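First comes one chain, alone, set out as structure tokens in the form deposited in one PDB entry.
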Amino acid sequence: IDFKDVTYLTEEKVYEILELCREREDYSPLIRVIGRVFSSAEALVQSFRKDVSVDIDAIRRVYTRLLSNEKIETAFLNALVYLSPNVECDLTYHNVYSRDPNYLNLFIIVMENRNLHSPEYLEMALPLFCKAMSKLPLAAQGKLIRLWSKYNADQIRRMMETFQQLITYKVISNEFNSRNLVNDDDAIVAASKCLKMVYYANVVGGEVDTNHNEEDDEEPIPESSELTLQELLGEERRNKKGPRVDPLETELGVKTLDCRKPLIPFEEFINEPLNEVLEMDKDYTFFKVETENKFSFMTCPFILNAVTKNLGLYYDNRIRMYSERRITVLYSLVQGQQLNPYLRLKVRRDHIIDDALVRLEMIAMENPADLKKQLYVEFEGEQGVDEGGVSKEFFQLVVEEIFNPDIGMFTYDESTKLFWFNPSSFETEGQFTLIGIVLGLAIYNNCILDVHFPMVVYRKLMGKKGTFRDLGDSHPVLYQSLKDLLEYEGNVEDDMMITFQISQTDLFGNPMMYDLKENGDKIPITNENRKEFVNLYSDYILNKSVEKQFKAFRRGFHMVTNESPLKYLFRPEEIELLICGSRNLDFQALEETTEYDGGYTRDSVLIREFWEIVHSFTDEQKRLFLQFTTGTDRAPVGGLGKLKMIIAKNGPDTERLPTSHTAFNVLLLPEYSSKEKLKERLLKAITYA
């Protein structure tokens, strides 16, 4: 029997069709019925019925019972090819999801197909399905994500790899460059939009804590001229909604910040072949300026690696820097003022903290928009153009003076090699705003810092209060002494007389007792409140013990980075690699990207002798060489390949040491006689500065 009068299938009806079509040795009616009902959206809506009307476990049994062969598996391949175009325009024009929410069914049925992972769907079937899913309404995507969030890690992995190899295949299959972009490739764009649904299913399905949120960062008030304009337009009361956010973030109500432990590591969602071909100069353009058929991948930053995300942030800051250039020109033109396109910073080498404090504090009041100018640092006495080398020198100097033990700002931990906010630091809120500004300024001006912070600091910068989980990185010894209490099988009240009162050691040495509760001395620690005491203990040290120091630090960081997509693009774990750099010194990647000037070439005799010397350098001498040539001993985001070094010839053989132009990573190399002479002068040059 052909079964030519049935439109909806059932968990047991496919079973009876299969059993009657099995011993008769003619599966063709089954092929026909599957190709009929699966290629029709309305048929799939009523198929395999019972926040969804489709029995989840029913279809999984049906697929595994029926896909074991080689004929019908082709029918599902071809049925998807026909169903998808009729279900994409149906969502795009007819608006069929609003009429009834049961239309989402067919997407669960299709995504339950195991063969979607197979490489026979990447050509025609999967790309067409992803086009249809990317046209689902926001409410429809919310239920699909919530339904997908209940899956296990292995199930989510299959879903993620399904769209990952589709992106990988289309990048490999097609040739993308500045002429033919990836942004206008609808197949990759749709697969990226579908990957976002899995990404948020990963987020909202893991360990999510949306409650331990820090206070809203104080938004810097615009300039007085801007405030006057809003009054004239009658908009001074209403305020801007805030930074750009993903619409799926609002619909689901859960942010990636709230996700502590996703089911799948976030780094698995990065499609590397896509990143090597993306052009972020035009990706940023489609991010800010809407285009009819161009899609920005910055709207899905989970897929970009650190290097690509760093580029997109660089273009945003660069563009904002240029807008400050045009404003000063107009001010000099129209108002007859002096051309100042720079955040001028005159400081003294011996008083760098105080001089930068008074200069940057004064700016934050009078003209807070000056912080958006390109940073220009000049030291007193020494006069020269700041092309970046002086700013790099200034950034290095302030970090040492800020994190020096004597200033009392931060306490260094020997075991973790990390600095933590010193709670015993009083009357220093100005300096904490300074180091917050410096960190934001380093990001704004694309300079990496030698800053060692626990991950909790970067979590708190984005507005998440530190929890007991964060105590391990900050204070491992106290974290160990607190979880040991957590899993104490015996009576905690009897064995240890610890109560809700804690003793803190000051820098001087005198301990003062702090009370976590109203009367913590009276109340002892019992098994009932043992969990609460640890929560209050961790909440105090990470959040309440340093609340004033961190409030100023967070405020200074905000006044520089508030308009950047930094909060949008970067998770807190990615902030540390952005502010700092890689500690890995891959001098091979440094060799490949190195350029030559003054007559030098990759085949010059001294050049080969130079690379032989530096590849035989120790780690300490490699750091000395990096600091001497580029101004920092840390590699940029990515690696030393991104540090586009230039070795330029500097005159004939001599006793003069090689020099460096730190601003442009240029090494000025005299043409020395031999390799031994080159090493002696190069070692003398980098071990002196």
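Numbers follow the displayed sequence, beginning with 1. Between two forms, the rigid core is the largest collection of C-alphas that superpose within 1.5 Å.
This next part talks about the form deposited in another entry, which is not shown.
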2 Å-or-more CA mover between the shown form and the other one, where superposition uses the core and the choices are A153, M497, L478, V245: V245
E366 C-alpha relocation of at least 2 Å between the shown form and the other one, rigid core basis: no
Threshold 2 Å Cα movement between the shown form and the other one for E380, core superposed: no
Core-superposed comparison between the shown form and the other one, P265 Cα displacement 2 Å or beyond: no
Relative Cα spacing, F297 and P243, in the other entry - shift of 3 Å or more: closer
CA-CA separation of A552 and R238, closer or farther in the other entry than in the form shown [shift of 3 angstroms or more]: closer
